[PDB]
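One protein chain, two forms: both are listed below as structure tokens, the first as structure 1 and the second as structure 2.
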Structure 1
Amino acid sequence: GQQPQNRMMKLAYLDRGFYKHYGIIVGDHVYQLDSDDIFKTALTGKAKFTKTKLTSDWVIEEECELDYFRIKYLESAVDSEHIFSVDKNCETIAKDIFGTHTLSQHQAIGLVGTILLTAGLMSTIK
């Protein structure tokens, strides 16, 4: 067997008028928070990942190389339908980021979700 090539992942968004809804394109699928309103996500403090099929409505902002073997972190987040908090600042910093041990899938996905939320919220500043 062989070493799989990295895939290009893309950060992209759907313009939803009041905000830009961000997602991670891998192949012809887009990983994103399962939310139709960034404000609801922010106020409830919780989110879940979902996957949708790539469409022409997605606007690509950035591209970069993703380790083939990390794609399943995203797939697992969707499949497990797991909720995570986006308002547990203290433990995220002290345990996850500063914990200095390879992030768990749940730790990693939590941080990715925070990034997508941050991007959506930034987009609301008109």
Structure 2
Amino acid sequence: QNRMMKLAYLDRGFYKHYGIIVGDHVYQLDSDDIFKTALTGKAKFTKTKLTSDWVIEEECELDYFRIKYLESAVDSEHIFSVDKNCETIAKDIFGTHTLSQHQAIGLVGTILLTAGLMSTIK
């Protein structure tokens, strides 16, 4: 609960919602419809109160952006591209090209969506 950005997930009957824990709050994609989010490749973020339902991945953490920018994105209701493929993610995380705050948040949003989408595959 001090500027730490850890990956966490909420598991309801095997379907997983992923989010970023900062303090006593969770940032996640504002969607209960993963079909439409995935098909459109677009989402905004929301911030909710952390609860015991959330499971922290203490060895995972997405430190790609400053939290204030994500707070601003939540407040502004900005709609991000969350459909980057592995090549784009790989270039972003293993390369040295400039990465805007919007691109950085879109990257983390892609990771959240992809992780949640993979949990749906029956």
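Residues that one form lacks are left out of the comparison. Each form is matched to the other, and the largest set of C-alpha atoms that superpose within 1.5 Å is called the rigid core. FYI, numbering is relative to structure 1, first residue = 1.
Asker: For the core superposition between the two structures, please identify the residue among 91, 57, 75, 81 whose CA shift reaches 2 Å or more.
Answerer: So the residue whose C-alpha moves 2 Å or more is 91.
Asker: Kindly check if the Cα atom of residue 42 is displaced 2 angstroms or more between the two structures relative to the superposed rigid core.
Answerer: Where the cores coincide, residue 42 shows only a C-alpha shift between the two structures that is less than 2 Å.
Asker: Against the rigid core, is the Cα displacement of residue 66 between the two structures at least 2 Å?
Answerer: Indeed, residue 66 is displaced by 2 Å or more.
Asker: After aligning on the rigid core, report the distance the C-alpha of residue 102 travels between the two structures, in angstrom.
Answerer: Its alpha carbon moves by 3.2 Å.
Asker: Once the rigid core is superposed, tell me how far the Cα of residue 121 moves between the two structures, in Å to one decimal.
Answerer: C-alpha shift for residue 121: 1.4 Å.
Asker: If the rigid core is lined up, how many Å does the C-alpha atom of residue 18 shift between the two structures?
Answerer: C-alpha shift for residue 18: 5.0 Å.
Asker: In sequence order, what are the runs of at least 3 consecutive residues whose C-alphas shift by 2 Å or more between the two structures once the core is aligned?
Answerer: Segments displaced between the two structures after core fit: 5 to 8, 16 to 18, 37 to 40, 62 to 69, 85 to 102, 124 to 126.
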